[PDB]
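Below: one structure, written as structure tokens.
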Amino acid sequence: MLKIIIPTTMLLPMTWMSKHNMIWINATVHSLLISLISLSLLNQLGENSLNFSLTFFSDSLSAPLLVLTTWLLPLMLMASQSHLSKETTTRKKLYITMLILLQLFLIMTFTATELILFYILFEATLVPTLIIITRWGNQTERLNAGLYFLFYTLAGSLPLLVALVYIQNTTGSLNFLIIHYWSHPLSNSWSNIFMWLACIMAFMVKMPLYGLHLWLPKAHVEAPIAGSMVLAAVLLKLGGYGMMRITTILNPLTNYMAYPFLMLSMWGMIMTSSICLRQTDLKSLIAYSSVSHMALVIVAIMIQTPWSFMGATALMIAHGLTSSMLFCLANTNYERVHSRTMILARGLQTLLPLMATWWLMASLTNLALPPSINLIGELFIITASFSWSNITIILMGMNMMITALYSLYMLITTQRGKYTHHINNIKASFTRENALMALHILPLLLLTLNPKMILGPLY
Amino acid sequence: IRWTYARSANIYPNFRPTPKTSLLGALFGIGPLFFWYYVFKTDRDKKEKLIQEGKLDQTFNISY
Amino acid sequence: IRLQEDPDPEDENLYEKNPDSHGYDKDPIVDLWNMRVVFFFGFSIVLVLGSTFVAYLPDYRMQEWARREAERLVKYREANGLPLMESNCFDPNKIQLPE
Amino acid sequence: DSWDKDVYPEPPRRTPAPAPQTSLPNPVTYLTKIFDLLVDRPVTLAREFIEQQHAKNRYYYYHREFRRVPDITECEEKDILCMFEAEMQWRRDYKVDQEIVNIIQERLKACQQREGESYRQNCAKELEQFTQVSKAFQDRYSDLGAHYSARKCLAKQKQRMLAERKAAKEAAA
Amino acid sequence: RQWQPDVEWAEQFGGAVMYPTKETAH
Amino acid sequence: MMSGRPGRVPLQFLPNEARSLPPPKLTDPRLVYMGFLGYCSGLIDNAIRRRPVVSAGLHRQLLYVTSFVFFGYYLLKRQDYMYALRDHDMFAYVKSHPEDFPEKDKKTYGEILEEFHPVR
Amino acid sequence: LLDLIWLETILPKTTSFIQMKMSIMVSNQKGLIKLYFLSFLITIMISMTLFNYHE
Amino acid sequence: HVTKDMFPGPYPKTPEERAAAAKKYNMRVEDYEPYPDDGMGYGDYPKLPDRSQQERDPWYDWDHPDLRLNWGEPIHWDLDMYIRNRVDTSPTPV
Amino acid sequence: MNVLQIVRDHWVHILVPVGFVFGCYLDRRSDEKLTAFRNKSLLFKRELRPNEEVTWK
Amino acid sequence: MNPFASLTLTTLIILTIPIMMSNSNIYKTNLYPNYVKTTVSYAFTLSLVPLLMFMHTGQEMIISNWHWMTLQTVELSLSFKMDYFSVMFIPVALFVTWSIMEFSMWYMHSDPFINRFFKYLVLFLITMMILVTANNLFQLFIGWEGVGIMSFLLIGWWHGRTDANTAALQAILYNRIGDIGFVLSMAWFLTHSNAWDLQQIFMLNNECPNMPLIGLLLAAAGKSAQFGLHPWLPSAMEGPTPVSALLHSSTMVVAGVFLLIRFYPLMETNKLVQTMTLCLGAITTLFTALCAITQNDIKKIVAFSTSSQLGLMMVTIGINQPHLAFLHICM
Amino acid sequence: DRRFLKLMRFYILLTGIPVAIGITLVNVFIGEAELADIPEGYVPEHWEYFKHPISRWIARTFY
Ligand SMILES: CCCCCCCCCCCCCCCCCC(=O)OC[C@H](COP(=O)(O)OCCN)OC(=O)CCCCCCCCCCCCCCCCC
């Protein structure tokens, strides 16, 4: 993985010494070649995970997420120099450095072999995101955002650390391959119940589960766009990925304690969706939609069914792409209006036809229009849940319904109407954002064409 | 902005845990909780007492 | 107001100076060059060439090997009359049953 | 052809020969002839061109052989080397069995389409075959969970063997 | 223009303790 | 763990015996990373003094990395010796106490009764 | 009612208020030497045999 | 651009607070009916009774004709609820 | 043309390519440390080619 | 292996071509409506022939041209079925379109974006084809929601019309409710029957598809504007008249009953589903016709007549009259 | 708007049409593979057991 790690690390000196004008160009292009190199990592052996070294390995679950992060890295670079144009060169270089360190930590996380190293980099993603959210944020509760986000993450992270070190003392090693091959049945002891809770609740905090999901409507809504997309697209996937890794040594106990959280998500995905309907801000609506989709992924994880795992992975990838695109579109409109209430600027479909389209298939993919990978990922989870329990369907059946409502509602109330007369700053569509939504959208349908890649390790 | 701040910021600072407020919280946030848990658990155990007793269809259910 | 503060700068649109602005930066030449580099690398060698790559990997999950061994053992077992698959994935004789 | 009647049974292709005794001649005839003349013949000759080009240089490839390795039942408790061998062997056996049931499903769907409305009458021969394939696939590989492994399959198999042994012992004195 | 702390934001913790009570007094 | 081991002589980095171990390679990734800390310390030193952090004081940065590598080598040799001592005391105690280290009559999974949990 | 009221009150705000309230009672000591040494005194026999740390 | 006074505050108690919230919401003391203080929020916000955006004048020169909304006029807590697209509060002949 | 300025401007670019080459070099110099089972797994345990004295590099 | 399969596929690829030309900008935007008219008429000419050799012999083949997924038991593949339903629906469908959008090219003559409108009729007809020529329930679902969001966009063609957007959203909500039963049916077939193509499902002889049949009934009720989920068609009437003459006229309102008669081999098993279809169809006929009795307009009146027609349509499917119903969809 | 879409199509087809002609050339000039048993001793290279010439080459280079 050092064919991807070493270039990512060496990307830091390039930006840190590039001229006052070349930082954006150089970072964008070289991150694009980094994504190209990581495109190779989609090469997967039939059943054996690709073990590059002792400390680094990859399989059909880590590789798609890694490719997602590496391909994403140019996208924040393209979305940031709009709101980062009027800044000192050193400050811009550090913003870029925060982004590269974030991507590097995500790569080491996804390619980590020992659970402790996975925890180290997984949590270590907090710091660059914290700096991005706090310093470069524009709204008020950004300072409150950082506190909420850090403390919510850590409150689950530390018990996970205690559980992992206890596992190391008892089992012998935290290596994934060992704990899977040398896996042993888990007894229904209450100490084992608390161990399962410690191993689960950190990822479920970052999932998020309903109830303890307040860090997203107070974090993604406030972060700069680059931070917002890197949060929603991948950082949410950290908990799902960790759960998929950890349920190997968390059975057969899970089912007995699967009952509270599963429905907590199942019911929660309704409320969040309902919360999406009666929203006032675009970014908050997208954040709550992300919460609902991630709750569906939670249900997929706790079913522990092959089909559930494949649908889960597909939903993570598709949701990352769709949420990043929706946040980018919201930023474009907000910057054009310097406000975020989704009533101030409506009826812009005529003014910006390409934005009107980009919003149209962004909503369609968010609404999971078949045969997009969003729809197949959702439907696989629906079928797995129905096999696990029939009634789930109606709740599932409710979700996209309400989702569809808001999935079109903002499009009705932001572009499908009459323009506001007193505003005039809406200029011609700068081709930067249009191109950015292109690099968002075309890979989505490309993966729709061949979903065997994002299908996960169960395929 | 007055509307947005009222429906986004003032809600908690102006919130007082009146008996009615706590009642509504109990009825909505945690009320249907036991309802859904009960119905789902009932289906799960009712079906479970159908597989291990053999009283269910399994002929072509090799995918789950 | 006890705080010497400059007035909030106006929201400066890129089109007023060079109409050909691509919304990247002030200077038209480097703005245009960033256009060329993105529209090259994002689409040409990553989106298009990368799509040829992902559409044309080598054997994935050995599914073709799975089929080309599958019909082989169907030929064998169906020809000799043996059931085309065994209810046990492991031979019961070599498995020592407890008690 | 590219598939044996042993691996993909095909009912014998029999077509009737109608006699258009009516003075009105059927139009679908003329459609077949024109379609053969200005579509089938050019695609065939272009195919001959590219097929002789293919036969000019035909590089070769073979099947990937897989030497058998000791099974998990023979594999010792917590011996990572033989455990890995048996796990990969069992994973590829699971893949081959998945393709077995896929082949049977394709064959029996083909049967249904050949027999048409009489599918119920003329597919039971392969219907029972797919039935037993799926029924034994359920007790061979299903219910193993997302983290299915050779050890879990062996455990399920063992549980089934104790169940059947106990049932046969108690039933038959 | 992102919110940069102003005078009233600065005074929220600039003195004695930032959790003032009657015990803080003066 | 080892501060009370017999034969230890206080206040000396490597107790002579450690030369029987393979010295850490000069290429060693731990060593070069400790050299990287030397480079970084130079960068803060120039930054802390309002200097051209990359080009200012090449000698100062060069001294920083050289000093870190030297103490890096001796620390690595000291680090490896203790871990070697840990293994030495381990296996020697293992052999000296056969009764407290039983051997296991190895048997295969075909005879282990591993219960199976139906995943429903 | 749920998100911005009950969900804030159930976990983040309650813990924040607890820490806020009782960090005040911890850190509002009058600073007098007499009471500090009196507390040291009380801790002496509390650790001595009141908890029976000796035995 | 907008200081504290426009930002909605706590529930008004004295009639002076009622008047203060009245000109905070660019409206007279009579039109200002503070939301019923019950711990649910709002407080200082003025209650616009029920009517949706379909009961306004379709011929008036509304500054926001999409929802027939006038500049700076106070808007309902459920304004998104009671909008032309969503549910209506207009009378029905039956 | 001022080619010295050309190199001073374009020497930002080389860092990631040389890092890629170094990374490839290193993870190539990460398998020779794990030759403990070359042609030793029973599945691939074949004979040693007369002209090719190893199974994999 | 004779031309049947080949030209039956050309009968959809040739009409897929115009959207590719429209997005490639090679098309002449001036006479592009004539371009779609001529493409559709040529499609109709290519479509009579499949009817021709279906009439001479009765040829009914199924093509698994491309294999998409293989989830270790479900070899998902892009497949099509040529049978009496699809084989004879294609020609009448393309003929109806070739008529009504030329009527549009006259009537629709003042909208500046006429090009996108004529594109839109095409996209609707494309999703209609892979809906009606479906071989697995996934293709049927793809068409099911493609026609859904396509009618969504077309109803709100005058997107400045707030009532048009409200009508489009109300139309969308109803078949979102409907497709819950669709998803339930696919889940049941994939779990209990382990099948997602029509062949394997009907072949499996699943004579107890109680919940699947209820789900299909709900999906058809949502798509065909049956009771409880009828009034979205009168709302959809807000769109252009040619939109009403292609989508809402008799094409996507019969998509639900098309799904019904496609699943008729399994429909006969559970008589309660027959009875429930009788209820839904009869009461829809009464209610919509009664509304049209006293209504004062031209468009919504024919809408209520339409919904009455769909009621009495799958009433006959209630008495297991599949081919009679599929003959009546043509009238 | 149109400059954006022109740039997209130009820079897509710029390398789209060379690969588009190339895959057809290697499909109809280079050829396709066929299956047989091992030639009793021939050791297969890692890219041997493959269908498409592009697949064989791409396995030959980075695999
Ligand atoms: C392989 C070695 C790579 C490094 C050494 C070679 C560098 C050049 C690579 C080929 C470039 C081909 C096109 C060259 C166009 C040059 C246009 C130009 O002169 O722009 C200069 C300008 C910056 O200002 P200045 O340099 O002062 O010149 C103007 C003075 N009035 O305006 C500008 O915008 C600067 C130039 C635009 C940026 C070009 C892109 C730089 C990186 C290109 C390669 C990326 C990939 C690298 C790896 C390839 C192999 C995998």
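According to the square roots a ≥ b ≥ c of the eigenvalues of the Cα gyration tensor, what is the shape class of chain B, taking rounded for a/c under 1.5, prolate for a/b larger than b/c otherwise, and oblate for the remainder? Mind showing how you got there, number by number?
Details: a/c = 8.59, a/b = 2.80, b/c = 3.06.
Taking the square roots of the gyration eigenvalues as a ≥ b ≥ c, chain B is oblate.
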Notebook entry, point to check: What ranking do H:66-73, F:89-96, B:35-42 get when scored by the average of other Cβ atoms within 10 Å per residue, highest first?
Noted result: H:66-73, B:35-42, F:89-96
Check: Which of J:28/J:119; F:107/I:45; D:78/F:77; C:75/D:95; A:19/A:86; A:19/A:92 have a Cα-Cα distance over 23 Å?
Finding: F:107/I:45; D:78/F:77
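Could you list, in their original order, any pairs among A:452/K:51; A:427/H:23; B:20/H:47; A:3/F:25; A:206/F:25; A:452/B:49 whose Cα atoms are separated by more than 30 Å?
On the way: A:452/K:51 18 Å; A:427/H:23 36 Å; B:20/H:47 20 Å; A:3/F:25 23 Å; A:206/F:25 42 Å; A:452/B:49 37 Å.
Listed pairs above 30 Å: A:427/H:23; A:206/F:25; A:452/B:49.
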Item checked: Length-normalised contact order for chain J - Cα pairs under 8 Å, 6+ apart - percent -> 14 percent
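So how do D:23, J:193, A:290, I:30 line up by other beta-carbon neighbours within 10 Å, fewest first? Before the final figure, lay out each step's value.
Details: D:23 5, J:193 22, A:290 28, I:30 16.
Going from sparsest to densest Cβ surroundings: D:23, I:30, J:193, A:290.
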Checklist line | Packing-based order for J:100-113, K:33-46, J:152-165, A:233-246, using average beta carbon neighbours within 10 Å, highest first | finding: A:233-246, J:152-165, J:100-113, K:33-46
Item checked: Fraction of antiparallel bridges per DSSP, the protein assembly as shown only, in percent to nearest 5 -> 80 percent
Checklist line | Potential lengthening between residue D:164 and residue D:58 on full extension [0.36 nm per residue; Cα-Cα distance subtracted] | finding: 32.7 nm
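On average, how many beta carbons from a partner chain sit within 10 Å of the beta carbon of a residue in C:1-12? Show your work: numbers first, answer last.
Values: counts 2, 3, 4, 0, 3, 1, 1, 3, 2, 1, 6, 2.
Whole-number average of other-chain Cβ neighbours for C:1-12 is 2.
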Check: Taking only C-alpha pairs under 8 Å that are 6+ residues apart, what is the relative contact order of segment A:199-335 in percent?
Finding: 34 percent
Note to self: To make sure I understand the rule: partners must be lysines, Cα under 17 Å from the Cα of residue I:40, and not fewer than 8 residues away in the same chain. Which ones qualify?
What the structure shows: I:57
Check: For the Cα atoms of chain C, what angle does the longest principal axis make with the long axis of helix C:63-80, in degrees from 0 to 90, nearest 10?
Finding: 20 degrees
Notebook entry, point to check: If you take the square roots of the eigenvalues of the alpha-carbon gyration tensor of segment A:136-245 and sort them as a ≥ b ≥ c, do you get rounded (a/c under 1.5), prolate (a/b over b/c) or oblate?
Noted result: prolate
Next item on the list: Rank these for me by crowding, D:63, A:421, H:64, going from fewest to most other beta carbons within 10 Å.
Entry: A:421, D:63, H:64
Next item on the list: Can you list which of the GluC sites (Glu not before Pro) found in segment D:101-173 are DSSP loop residues with at most 11 other C-beta atoms within 10 Å?
Entry: none
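Between residue J:34 and residue G:51, how high is the FRET efficiency from 1/(1 + (r/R0)^6) when r is the Cβ-Cβ distance and R₀ = 56 Å? Nearest 0.05. Each step should come with its number before you reach the end.
Working: r = 97 Å, r/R0 = 1.73.
Computed FRET efficiency for residue J:34 and residue G:51 comes out at 0.05.
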Margin query: With angles folded into 0 to 90 degrees, how steeply does helix C:28-38 sit against the dominant principal axis of chain C? Use alpha carbons for both and round to 10.
Written below: 0 degrees
Check: Taking +1 at the Cβ of each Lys and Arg and -1 at the Cβ of each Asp and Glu, which of B:25, B:15, B:51 sits farthest along the dipole of chain B towards its positive end, judged by Cα position relative to the Cα centre?
Finding: B:15
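Order these by the 10 Å Cβ neighbour count, fewest first: H:87, F:32, A:337.
On the way: H:87 10, F:32 13, A:337 17.
Placing the least packed residue first, the sequence is H:87, F:32, A:337.
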Checklist line | Rounded if a/c under 1.5, otherwise prolate or oblate - chain F, Cα gyration tensor axes | finding: oblate
Check: Can you give the charge dipole size of segment D:43-173 about its Cα centre, rounded to the nearest 20 debye, using +1 on the beta carbon of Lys and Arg and -1 on the beta carbon of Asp and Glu?
Finding: 60 debye
Next item on the list: Mind checking C:25-35 for the average number of partner chain beta-carbons within 10 Å of each residue's beta-carbon?
Entry: 4
Check: In degrees between 0 and 90, to the nearest 10, how far off the longest principal axis of chain A does helix A:62-80 point, with axes built from Cα atoms?
Finding: 20 degrees
Next item on the list: Specify the residue with the greatest mean-square fluctuation among J:185, J:77, J:86, computed from a Gaussian network of chain J linking alpha-carbon atoms under 10 Å apart.
Entry: J:77
Check: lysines within cross-link reach of residue D:169: Cα-Cα under 22 Å, excluding same-chain residues under 8 positions apart?
Finding: C:94, D:156, D:158
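Quote the relative contact order of chain D in percent (integer), defining contacts as alpha-carbon pairs under 8 Å separated by 6+ residues. It would help to have the intermediate numbers written out before the result.
On the way: 68 pairs, mean separation 31.2, N = 173.
In percent, rounded to a whole number, it is 18.
Ranked highest first by the average count of other Cβ atoms within 10 Å around their residues, in what order do D:28-34, A:317-323 fall?
Numbers: D:28-34: 14.4, A:317-323: 27.0.
Descending mean neighbour count gives A:317-323, D:28-34.
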Note to self: Give me the inter-chain shielding for J:180-189: mean count of other chain Cβ atoms within 10 Å, whole number please.
What the structure shows: 5
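Here Cβ is always computed from backbone atoms with ideal geometry, including for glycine, and neighbour counts include all displayed protein chains. Each reported figure results from applying straightforward, stated rules to the coordinates on display, with no laboratory input.
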